[PDB]
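1. Experimental structure and sequence below.
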Amino acid sequence: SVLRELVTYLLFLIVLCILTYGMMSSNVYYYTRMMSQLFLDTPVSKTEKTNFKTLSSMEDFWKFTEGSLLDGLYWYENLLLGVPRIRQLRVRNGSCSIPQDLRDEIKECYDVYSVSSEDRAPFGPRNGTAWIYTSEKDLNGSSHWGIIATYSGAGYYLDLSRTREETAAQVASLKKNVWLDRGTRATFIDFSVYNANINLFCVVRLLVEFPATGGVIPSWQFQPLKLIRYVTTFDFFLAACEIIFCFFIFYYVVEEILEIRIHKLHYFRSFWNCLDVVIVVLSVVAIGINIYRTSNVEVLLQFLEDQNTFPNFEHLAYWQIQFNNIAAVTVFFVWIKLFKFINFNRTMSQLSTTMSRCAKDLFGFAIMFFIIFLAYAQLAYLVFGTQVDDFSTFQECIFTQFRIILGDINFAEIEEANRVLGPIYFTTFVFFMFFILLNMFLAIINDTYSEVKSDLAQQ
Amino acid sequence: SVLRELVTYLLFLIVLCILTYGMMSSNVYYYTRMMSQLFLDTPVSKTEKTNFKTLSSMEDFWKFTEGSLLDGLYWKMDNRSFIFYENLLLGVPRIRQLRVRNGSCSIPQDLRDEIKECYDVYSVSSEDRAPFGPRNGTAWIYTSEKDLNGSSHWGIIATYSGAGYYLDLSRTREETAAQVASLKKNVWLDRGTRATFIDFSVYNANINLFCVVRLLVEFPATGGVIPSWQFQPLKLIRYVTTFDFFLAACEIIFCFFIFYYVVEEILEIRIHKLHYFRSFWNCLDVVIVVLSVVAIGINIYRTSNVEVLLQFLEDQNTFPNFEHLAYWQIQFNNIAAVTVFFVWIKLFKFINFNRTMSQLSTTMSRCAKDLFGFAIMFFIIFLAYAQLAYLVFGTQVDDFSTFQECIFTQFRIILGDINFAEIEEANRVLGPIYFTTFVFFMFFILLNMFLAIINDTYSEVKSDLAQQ
Amino acid sequence: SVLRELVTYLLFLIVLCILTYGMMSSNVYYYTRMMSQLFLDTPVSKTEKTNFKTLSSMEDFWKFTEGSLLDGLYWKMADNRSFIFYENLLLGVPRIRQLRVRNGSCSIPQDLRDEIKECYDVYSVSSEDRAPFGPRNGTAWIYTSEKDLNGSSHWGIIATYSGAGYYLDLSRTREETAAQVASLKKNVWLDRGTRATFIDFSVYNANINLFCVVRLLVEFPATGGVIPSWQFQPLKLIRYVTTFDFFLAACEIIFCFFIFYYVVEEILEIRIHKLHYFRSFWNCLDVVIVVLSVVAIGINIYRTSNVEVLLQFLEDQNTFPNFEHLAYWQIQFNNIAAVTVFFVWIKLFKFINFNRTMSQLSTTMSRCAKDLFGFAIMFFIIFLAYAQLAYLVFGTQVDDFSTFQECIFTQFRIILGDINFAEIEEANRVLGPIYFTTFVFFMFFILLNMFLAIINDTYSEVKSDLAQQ
């Protein structure tokens, strides 16, 4: 009856497990450590200890862009794959309204970054393309969604060279004619690498944000890509597994459309059918991303030998990230669907009936729990927001509250920032979470279990 | 009926949130962060690895003042000083110490033949009010609290006063260094010194936000140094942008809501339903109204009491007195945060839109007199353990040095965030006994008693409402 | 009536708190912290990063004695006194003392009596050396008895040492203590037979009225290595100075009167009425409190009445102040007072019955104690089985299971999640993960829930019985 259904699903599960195991051991994560450590951890020179992880000004950034960058870009032992690009976004003088109370000394004001306040005039000597505005369309750029703002794709860009002898000269020329004024608000550096020692790709992005209050906020992201081809037999086995998984999910969506065709009258009143639909949509988006990257990985090999043109390879990294994050939740949902099927004996029948008969009550109390949770998170944001660095943003406040529930409290800066109303908040939060609120879920489950056992016994 | 109350409560909550996050400028953290990293983490000199956070003596303070402070204060492009090329230093900084007099404490007659001086711990009754050193300037002459425009501080060791021996520094670096060198030559920090303060302010005209800095160094009566700091941003030129006018309009609307709520509360307390505090929502409304009125009072008091800013602006070569404004800003922020928390908690009055939520609310309500009655006993045991820990470990751990610190350590014990390598070496017996018994009684007795009360109450409430 | 008992207990509690928290006065934590940071955390020299807390050999100890110790002891301004923080006065001179064992004090196998020549046992009073050695000139090379040294046993980490040994009294200035220590180092003073070394001194700090007694102990185990330990204790020996001291004395007298009254009342209530008197748990608490209080009073009387060492020091202040027994008895008195305060606060449960909510909870606890004891026997038997298995398997490798008590402490910490599974997995790749996983699973899934089952059953039973009746 359900033997085939269970069997098909079990077959489907082992295919996913094999694919994940093949994906879990790509020997790439080691490579990304040992490639990021070259740029973000090597001092700028033999004298200073400053690196990209701990930038603190503009002069050290100028030191970094001629030095620890060129030193690690031309010499694990990766090599270049084209020409890199440096771009900046900046605001315009007079973007503010200085209060009339004090204007005899404050002559220049630059607002925080925004599209309305962005500068478009040609500044400095108009010799090249770094001293003139180019729109987002002309650069084929997109948003970045940085730390303190979101940055567009336009700006003042300049493509570097393939030989360090000329890249150093041109970056020194850009340093001589002052390029990073007070209005500079962000700076991007991008390039691509091959590392011919091991066949594995990567695209890099380096960001420096200049706040209106002084200082720098360095940010980075490394995302490798794979050019997997028919090399070994295990690769052939994985490819065959991928193909049979594509056919299996095709069959599965056929049965799903059949289910929604004959049983269209009611298909969302059950919790499991929603699981099936989310699983199938995540699977289809994952396979779409996979086929997209497989189609587009062949375009990029033109830059391996010699091409003096910047390769625009950020969408590949974005979609690789999305693909990984979709695959993780997909396999989690598949394992939960497996957890559904265990209803063989009377004991498991009682357990499943108990878990199913107390779903609306648990959902109902989740609302109260999260109302209290977000009230506490908002209190923490309003009290420690400016000082602690663990509560600087609302979502970071929520994450810190979840970590505190799992016993990862600090309480050092919490008490230092506010000697009263900080300890009060911590003690009340701990007392109410660990003794009162979290026990309501258990109370609901206990009462439902007792009711189910009594009902079956009297039946 | 209830819909009108719900919608007016929703509008009140919306305007309150808009007010709170209007003055909660995004990414204001990095301004104070850069200031702290500049004035705290910087080593006092190129050779030394000591900074302000790790001061341990008085020569360390003298090296810091002539070192990291004069580097982080004065920048070159009587010209002005821009800290990060954006932050402008307003006026001059001020340094001020508090002293005690020889003879404030008495030496026993047994040891009077080898110990002469005796300086008490800091107190107002034992404070030095006499000139000393080369008595020519204001750094060697006592100036009272009112003649100096100060107030109490409440440091770590004690609560210091607003008087003492002060000196207003200069606008440039060349002569400020000379002033500090002269204060170092003629000994300014003797054995009598009990505290020292440094204050200054910056503007950063890009955003419209002042910053007030205070660095406190306490010299305890046993020897040593306890450093402290405080960076607080302020906004005193509010009306600059259109969003500021929007915020002012929301402020007026919020005052209108608070007045309406006060009128209704007086009406419902004076004649109708006298002594109606038997409910919970009424008490919650009273707390919210009282907190809102206190916040409005503070805002009214310190929204037009900005004549210190005008007095600085008419002559910018003086010390800007912005400490009271920072203190009242901090108090206002605390009151507003608590008010927002309680307004959010009030939302439970309206979530009864089905049977499940109503049943959950009833179960949570009917277990209020039992959980409170057992929380009394829980806290009796908790405070007994805290007292024992204070009496045993209060001299040597740093986590039990004060009673409140003892209480905080215990809530942290439950989360497993302890050392136990310092509890066990502080007292080899009665330390492990403490830890073992505390863990056993917290996890195996009282937690299960809380859960038992909750379980029994939920079952009884559900059964009785279902049967009725 | 009950109000009389309540008010008398409240007055007793108030007096006891006044006394104990007057002893725990304004921050002496910083007084202790300054000294400990000055001596323990100061690196032995400019280049090396070694401090007293991380000694590893004999040469490290010799660097510490000639290095950070003299710098932290003697401060500058004719051979004047040294004020440690310009405020703490070094009293008299410090003393250094060691313990030794005899050459050939063990048993070595006859199959190696030509390969192994010298042997020194672990420390024991039957194995300690008592003969002159080296350049037998002064008191550093001649054994001096415990009675002649006015000392006592210390109970260090490894063993309980004696009050005797080879001692030397240092000087009042750096230029002479340095020479004395250099002469001790040249004519080798620390051989392989050394088993311990002590350093003692005291300071005053007249700004407050509080002595500090410091002892630094370094043990050399028979298997090699160094184990450092320390002890900083503040004392008040000149009590009556200010008016608050007179207030504390009056409170002391009042507390003694309360203890006498309680003793006579409990004696007259155990004389005839209720000759058993012990099956109440409140009478047991009363007698526990009375016994602890009279022990504390006796210790206080027999330690304060003996400040004769202070007088002897005050006659001539170029001698070693012998404030060791005073610090020891101060520590004992502090422990007894802390426990007494704990139990007096716990006795407050006798009066919180003002309504039904507290009454039913107290009844629930009383009626569940009898079953929780029965289950706790089994819980602790299983706990001790796990502890002994961990001691026997991981005891020689992990450093967290070296002794049975350490195994119990480690298991209680594991219950909190304060453990490092990597260290216990490396020691034994099999039976390590099994022990940890099975312990966590059975402790949290089975043992922690039977307690809840019993508590909930008894609570529901008593609530329903009261409601029905």
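-> Sure, I can see it. Numbering: from 1, shown residues only, chains lettered A, B, ... in the order given.
2. CA only for contacts and neighbour counts going forward, please
-> Fine.
3. check contacts around the closest residue to chain C within chain A.
-> When distances are taken as Cα to the nearest Cα, chain A approaches chain C most closely through residue A:407, which lies 9.2 Å from it. Under the criterion of Cα atoms under 8 Å, 6 or more residues apart in numbering or on different chains, the neighbours of residue A:407 are B:415, B:416, B:417.
4. Any idea how many residues pack against residue A:428?
-> Residues near residue A:428, counting by other Cα atoms under 10 Å in any protein chain shown, number 13.
5. List the buried residues of stretch A:78-97.
-> Neighbour-count burial for stretch A:78-97, counted by 16 or more other Cα atoms under 10 Å in any protein chain shown, picks out A:78-93, A:95-96.
6. Check stretch A:389-401 too.
-> Going by neighbour count (16+ other Cα under 10 Å), the buried part of stretch A:389-401 is A:389, A:390, A:391, A:392, A:393, A:394, A:396, A:397, A:398, A:400, A:401.
7. got those residues as TSV, with distance to chain C and secondary structure columns?
-> Written out in TSV, the entries for the buried residues of stretch A:389-401 read as follows (distance: Cα to the nearest Cα, whole Å; DSSP: H, G, I helix; E, B strand; the rest coil):
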residue	distance to chain C	secondary structure
A:389	25	coil
A:390	23	coil
A:391	25	coil
A:392	29	coil
A:393	29	coil
A:394	29	helix
A:396	25	helix
A:397	24	helix
A:398	23	helix
A:400	19	helix
A:401	19	helix
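8. Can you verify residue A:344 is assigned to a strand?
-> No: checked against DSSP: H, G, I helix; E, B strand; the rest coil, residue A:344 lies outside a strand; its state is coil.
9. what's the neighbour count on it?
-> With neighbours defined by other Cα under 10 Å, the count for residue A:344 comes to 8.
10. What values do phi and psi take at it?
-> Note on residue A:344: backbone dihedrals following degrees, to the nearest 10 are phi -80, psi -50.
11. now the residue most central in space within chain A, what's its secondary structure?
-> When chain A is reduced to its mean C-alpha position, the nearest residue by Cα atoms, centre = their mean turns out to be residue A:321, at 7.0 Å. Per three-state DSSP, the local secondary structure of residue A:321 is helix.
12. any idea how far it is from chain B?
-> For residue A:321, the distance to chain B equals 27 Å [Cα to the nearest Cα, to the nearest Å].
13. cool, and residue A:201?
-> To chain B, residue A:201 is 36 Å away according to Cα to the nearest Cα.
14. again with residue A:328
-> With distances taken as Cα to the nearest Cα, residue A:328 is found 30 Å from chain B.
15. cool, and residue A:369?
-> 11 Å.
16. I'd like to know which elements the helix or strand where that residue lies is packed against.
-> Assigning secondary structure by DSSP states H and E places residue A:369 in helix A:359-384. The elements that helix A:359-384 packs onto, with contact taken as 3 or more Cα pairs under 8 Å, 6 or more residues apart in numbering or on different chains; DSSP states H and E, are helix A:394-405, helix A:439-458, helix B:323-345, helix B:355-366.
17. What residues sit buried inside it?
-> In terms of neighbour count (16+ other Cα under 10 Å), helix A:359-384 has its buried residues at A:361-362, A:364-365, A:368-369, A:371-384.
18. mind listing what the residue of the stretch 201-350 of chain A found nearest chain B touches?
-> Taking Cα to the nearest Cα, chain B has its nearest neighbour within the stretch 201-350 of chain A at residue A:214, 5.0 Å off. Under the criterion of Cα under 8 Å, 6+ apart, the contact list for residue A:214 reads B:31, B:34, B:84, B:85, B:86, B:87.
19. Over to residue A:92?
-> A:110, A:117, A:118, A:119, A:120, A:183.
20. Give the closest residue to the fifth one in space, chain neighbours not counted.
-> Excluding its sequence neighbours, the residue lying closest to residue A:120 (Cα to Cα, 6 or more residues apart in numbering or on different chains) is residue A:133, at 5.5 Å.
21. Count the residues that sit near the one you found.
-> Quick note: residue A:133 (other Cα under 10 Å) scores 17 neighbours.
22. Repeat that for residue A:65.
-> 18.
23. so what's it up against?
-> When contacts are counted by Cα under 8 Å, 6+ apart, residue A:65 is found next to residue A:171.
24. what does residue A:448 give?
-> If a contact means Cα under 8 Å, 6+ apart, then residue A:448 has A:354, A:357, A:358 as its contacts.
25. Kindly reformat these as JSON lines containing distance to chain C.
-> Formatted as JSON lines, the contacts of residue A:448 follow (distance: Cα to the nearest Cα, whole Å):
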{"residue": "A:354", "distance to chain C": "19"}
{"residue": "A:357", "distance to chain C": "23"}
{"residue": "A:358", "distance to chain C": "21"}
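26. what would the residues you listed look like in JSON lines with neighbour count?
-> Shown next, in JSON lines, are these (neighbours: other Cα atoms under 10 Å in any protein chain shown):
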{"residue": "A:354", "neighbour count": "20"}
{"residue": "A:357", "neighbour count": "15"}
{"residue": "A:358", "neighbour count": "17"}
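27. Could you single out the nearest of the residues you listed to chain B?
-> Closest approach between those and chain B, by Cα to the nearest Cα: residue A:358, at 10.7 Å.
28. dump the residue contacts of the closest one.
-> So, once contact is read as Cα under 8 Å, 6+ apart, residue A:358 ends up touching A:444, A:445, A:448.
29. which bits of the stretch 251-400 of chain A sit near chain B?
-> With Cα under 8 Å from any Cα of the partner chain as the criterion, the stretch 251-400 of chain A meets chain B at residues A:360-361, A:364-365, A:368, A:371-372, A:375-376, A:378-379, A:382-383, A:385-387, A:389, A:392.
30. ok so, going back, show me which pair in the contacts of residue A:92 is furthest apart.
-> Checked with Cα to Cα, those reach their widest spread between A:110 and A:120, with 14.0 Å between them.
31. In terms of packing, which of the two has more residues around it?
-> residue A:110 (24 against 17).
32. I figured that one was touching residue A:96, is that so?
-> Yes: A contact is recorded between residue A:110 and residue A:96 when judged using Cα atoms under 8 Å, the distance being 6.3 Å.
33. Any idea how far stretch A:256-268 is from the middle of the chain?
-> What separates the centre of stretch A:256-268 from the centre of its chain is 36 Å, taken as Cα atoms, centre = their mean, to the nearest Å.
34. Show me the contact partners of it.
-> By Cα under 8 Å, 6+ apart, the residues outside stretch A:256-268 that reach it are A:273, A:274.
35. mind listing what's buried in it?
-> Under the neighbour-count rule, stretch A:256-268 has none buried (16+ other Cα under 10 Å).
36. Look up the closest residue to the closest residue to chain B within the stretch 251-400 of chain A, ignoring the ones flanking it.
-> Nearest to chain B, among the residues of the stretch 251-400 of chain A, is residue A:386, at 4.4 Å (Cα to the nearest Cα). Once its chain neighbours are removed from consideration, residue A:386 has its nearest residue in residue B:29; the separation is 4.4 Å (Cα to Cα, 6+ apart).
37. Can you give the distance from stretch A:328-338 to the centre of its chain?
-> In terms of Cα atoms, centre = their mean, the centre of stretch A:328-338 is set 21 Å apart from its chain centre.
38. Oops, could you answer that again for stretch A:284-296 instead?
-> For stretch A:284-296, the gap between its own C-alpha mean and the chain's C-alpha mean amounts to 19 Å (Cα atoms, centre = their mean).
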